[PDB]
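One chain is shown next in C-alpha cells, namely the form deposited in one PDB entry.
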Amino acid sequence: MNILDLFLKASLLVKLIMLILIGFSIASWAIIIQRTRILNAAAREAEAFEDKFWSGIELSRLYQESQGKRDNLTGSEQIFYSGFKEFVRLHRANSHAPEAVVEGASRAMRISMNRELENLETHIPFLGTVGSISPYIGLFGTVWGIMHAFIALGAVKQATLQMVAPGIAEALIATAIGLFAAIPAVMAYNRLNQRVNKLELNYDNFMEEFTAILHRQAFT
C-alpha cells in the first residue's frame, strides 16, 4: 500500500515521470510564494508613490530625495528617476527644442518601465507551462502504466481482475500527482497575470501623466 513500495518496483519511465511532476510541484510552490511576495511589495510601493508624487512637493526636491537611494530603487520611483535624470541631462547639456528633450525623457521612461515590468514577470510563464502540461504528463504516465500492466499480464493463460488491478492502481498515481502539480500553478498563473496587468496599467498611466508635466515644464 505505502507509496514508496509502489515507486521502487515501477518501470523506469513512470518512475522518471514522478520525479518530473514532483520537481514541477516543488518549483511551482517556490515560484508562487516568491512572486506573490514580490507583487504585494510592488503594489503597496506603487500606491504609496502615487500618494507621494501628487502631494504637490516640487520635482527638484522629490528628485534629490529619490537620488539619495538610487541603488535600491524600483517601480514608479525608478520610472520617475530614469525620466527626470534624462530630462535634466538633455535640457542642461544640449538645450535642444522642448519636444526633443521630452521625447528623450519619454524613451528613458519606456526603457525603465519595460525593465521593471519584466522583473515582476521573471518566472510567471513557467507556471503557465506547469499548469498546462502537468496533467498531460501525468496522463501519459498513467496510459504507459496501464499498457505496461497489460504487457506483464498478457503471458497469463486466463486473466482476471485481481492480477491486473494492482498495476492499474500503481498507474493512477501519475494522474493524481499530475493534477496535484497542476492545480496550484493554474490558480496562481491566472491570478498573478491579473496583478501584473494591473501594475502595468498603473505604470503606463504614471508615464503619460508625468510626461505631460515634462512637456509643460520644457515648453515653459
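From 1 onward, residues are counted along the sequence shown. Only residues modelled in both forms are compared. In this text, rigid core is short for the largest set of C-alphas that superpose within 1.5 Å between two forms.
Another form exists, deposited in another entry; not displayed. Remarks below refer to it.
When both forms sit on the same rigid core, the CA shifts between this form and the one not shown reach 2 angstroms or more only at 153 out of 169, 33, 153, 41.
With a cut-off of 2 Å and the rigid core superposed, residue 122 has a Cα displacement that falls short of the cut-off between this form and the one not shown.
Core aligned; runs of 3 or more residues with all CA shifts at 2 Å or more between this form and the one not shown: 1-6, 93-95, 150-161, in sequence order.
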